[PDB]
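Below is one structure, written out as structure tokens; comments come after it.
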Amino acid sequence: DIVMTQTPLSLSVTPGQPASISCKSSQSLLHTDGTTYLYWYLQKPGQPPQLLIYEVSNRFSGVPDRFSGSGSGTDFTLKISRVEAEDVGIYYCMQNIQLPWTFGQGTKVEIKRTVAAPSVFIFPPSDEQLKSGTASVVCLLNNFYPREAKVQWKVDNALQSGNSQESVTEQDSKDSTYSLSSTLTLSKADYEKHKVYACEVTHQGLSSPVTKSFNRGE
Amino acid sequence: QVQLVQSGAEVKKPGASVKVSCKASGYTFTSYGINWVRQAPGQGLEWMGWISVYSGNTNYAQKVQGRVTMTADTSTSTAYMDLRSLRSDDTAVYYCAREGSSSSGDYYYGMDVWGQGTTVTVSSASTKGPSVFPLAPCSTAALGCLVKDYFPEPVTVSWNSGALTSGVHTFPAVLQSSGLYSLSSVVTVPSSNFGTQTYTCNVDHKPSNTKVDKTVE
Amino acid sequence: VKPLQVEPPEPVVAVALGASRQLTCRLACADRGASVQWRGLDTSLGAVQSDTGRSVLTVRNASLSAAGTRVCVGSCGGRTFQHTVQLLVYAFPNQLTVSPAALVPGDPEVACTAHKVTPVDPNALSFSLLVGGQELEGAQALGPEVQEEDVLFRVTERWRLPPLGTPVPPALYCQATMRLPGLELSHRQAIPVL
């Protein structure tokens, strides 16, 4: 199988600035008929894949000239002279010369903005849910940049592990920030053993970590 | 407008089988082949197999060879992917795409038109509607709804029947170890407003025909 | 060069009514089991034979019903190629009439009609009045008139005649020109000046 390797796999681009993605195949993509079968696809957040470039350097209908594909043999480059908010998503290269078709890992493109610290919020479980015999505590880090942040759960000062999950939104096109939601889940019984519930947040934008907490039963 | 319309999301148990369809319109079905490409959650794209509409020839990727059959029906302009012996690791969105050249054979475009995709959730869980809990605190405050223990995907959430969109963040669902999903939707508003204005989340889970409105105080 | 090639390669091709056009599709692929396929998208396909050339499609005794778009399709190594060709069937017999048949000084006008022809669009069907090979100056066209007699057409061009002066030309020449992709035909009819 031909191996397609993209570097880098993450790009943070200042509005206006150029972006460049390298795609290398383990073997040449030039066919005996003269065509070099290297293709670029873009998958935007929440949407199906779309054709971006065909045969190395031909832009598909509707693709701005600010996207430009080039290369030959085993080394290829996709350049984007400017990255608009609409351009963010995951870009894939793919060889179409020898079955099975193989894609690169996909390079994630995002807008680079000034660092922005998160607004941190914590939510106790609802009485309604506690009747159900389960307790979820939720910590919200709202509108921060970059997406790299750390949420640490503490119950009575003890770090929690394996009973929390989180997810992050797609980059906001207006302010270029992210929000993150983390959920700690305890049985109603375990919840009732401890008083202090805290979420500890570490971010490039915070001088020191920020803690939000409440006491169960206040 | 060239279009590929795929069948709806499916839930199947490990070891079962699934048949995804891809209905073609807006172009000549027999002048293009059909690829199937999938994407497991938070993963890259991966080519699955190919059906040559006009000849009946196929090619399968290693991951599905021996338990997949792809075909094309020229009577209804529909292509099918039939994947048996399902694994949890088959869980993915499955895309079909037409594959072909310019009208003169001049350029090979590759996959220029894609279907919207079909979510295939290989799971042993049973269909369950969500539980909606308020997310309230103990000049900005945050509030929200926790949409918990549902299956399968998706649910939809809005606030104030679409009238409230500003500052809303509806996060990706996470899959709990219980095999049930959980989702949060929040909105930050001026503090004085939390308490004078009305904030209601509208939660929808079509698979279980579940409609929930929750006002959070 | 791409695997699938058709001869002739032009995207649209012309053929005379009642005449025949043969189109050859071939696919340069290394694996055997490779095949191509002609298909009629807009019209009935015609007769395909698989040996000579490669895949040879033949339109025979062409009627207007044969005009339309056809495509040849073929895959090589998992890549599907197509070649589209559109066929135009035209009627343009050598049936060009003039009125009056002969000109008499004092005649204001002359008309010339091309009979049982198609298409009749001015970009393809054009008329001219000529004298000594050259278009007759002072001649004023009144405008084409399309009429009937598969349903063909008769098309009439009328000209306001200029003063013919002395010596009156021995004859004027009405000429109809047919221009289609790959086609240029003309018929000339004489107009004796009495």
Side-chain angles (χ1 to χ4, degrees), chain B residues 2 4 22 24-37 45-65 68 70-77 79 81 95-115, chain C residues 1-14 21 23-46 48 50 53-57 67-88 181-182:
Chain B
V2 182
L4 295 176
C22 181
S25 66
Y27 77 103
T28 306
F29 188 46
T30 53
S31 298
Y32 301 78
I34 297 279
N35 283 324
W36 290 89
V37 168
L45 301 166
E46 186 173 17
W47 178 77
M48 289 293 109
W50 174 69
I51 170 92
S52 178
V53 172
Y54 82 101
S55 68
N57 295 143
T58 62
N59 293 113
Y60 305 133
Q62 181 251 325
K63 278 185 182 293
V64 291
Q65 171 63 53
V68 72
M70 298 173 180
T71 56
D73 187 335
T74 52
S75 177
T76 61
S77 293
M81 182 194 186
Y95 300 108
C96 66
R98 89 177 189 172
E99 159 281 308
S101 70
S102 57
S103 61
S104 72
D106 216 9
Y107 296 83
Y108 184 70
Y109 292 154
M111 293 172 290
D112 63 325
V113 171
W114 293 66
Chain C
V1 177
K2 289 300 202 302
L4 196 171
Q5 301 289 328
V6 169
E7 301 297 297
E10 294 73 38
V12 176
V13 157
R21 193 89 152 123
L23 305 171
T24 301
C25 176
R26 349 172 84 153
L27 178 68
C29 195
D31 62 36
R32 293 176 185 173
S35 62
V36 294
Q37 186 185 257
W38 280 103
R39 175 173 178 90
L41 305 184
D42 235 349
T43 182
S44 178
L45 176 54
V48 187
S50 174
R54 225 51 278 281
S55 187
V56 188
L57 165 64
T69 310
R70 295 172 177 81
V71 58
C72 183
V73 186
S75 299
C76 191
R79 300 173 294 268
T80 304
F81 294 97
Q82 55 168 341
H83 184 111
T84 65
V85 60
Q86 184 193 324
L87 176 74
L88 288 183

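Letters go in sequence order (proteins before strands), and every chain restarts at 1.
- Distance alone, capped at 3.5 Å, is enough to place a donor-acceptor pair between the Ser101(B) side chain and the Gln82(C) backbone.
- There is no contact between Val6(C) and chain B, counting heavy-atom distances below 4.5 Å.
- Nearest heavy atom pair, residue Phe81(C) against residue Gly105(B), reads CD2-O, 4.1 Å.
- The backbone N or O of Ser75(C) lies less than 3.5 Å from a partner atom in the side chain of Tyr54(B), making a donor-acceptor pair.
- Distance NE2/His83(C) to OG/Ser31(B): 12.0 Å, rounded to 0.5 Å.
- For the pair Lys2(C) and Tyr107(B), the cation-pi criterion (under 6.0 Å, within 45° of the ring axis) is fulfilled.
- A donor-acceptor contact closer than 3.5 angstrom links the side chains of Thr80(C) and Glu99(B).
- Annotation: the span from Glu10(C) atom CD to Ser104(B) atom OG amounts to 11.5 Å, rounded to 0.5 Å.
- The contact between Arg79(C) and chain B is made by backbone and side chain atoms together, counting heavy-atom distances below 4.5 Å.
- With a 4.5 Å cut-off on non-hydrogen atoms, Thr28(B) touches chain C through its side chain but not through its backbone.
- Contact annotation for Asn35(B): neither backbone nor side-chain heavy atoms come within less than 4.5 Å of a heavy atom of chain C.
- Within the model, atoms OH of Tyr108(B) and SG of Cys76(C) stand 11.0 Å from one another, a figure rounded to the nearest 0.5 Å.
- Only the backbone of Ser102(B) comes within contact range of chain C, judged by heavy atoms closer than 4.5 Å.
- Heavy atoms closer than 4.5 Å to chain C are found in the side chain of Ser52(B), but not in its backbone.
- Of the possible polar contacts, one joining the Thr84(C) side chain to the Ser103(B) backbone as a donor-acceptor pair under 3.5 Å is found.
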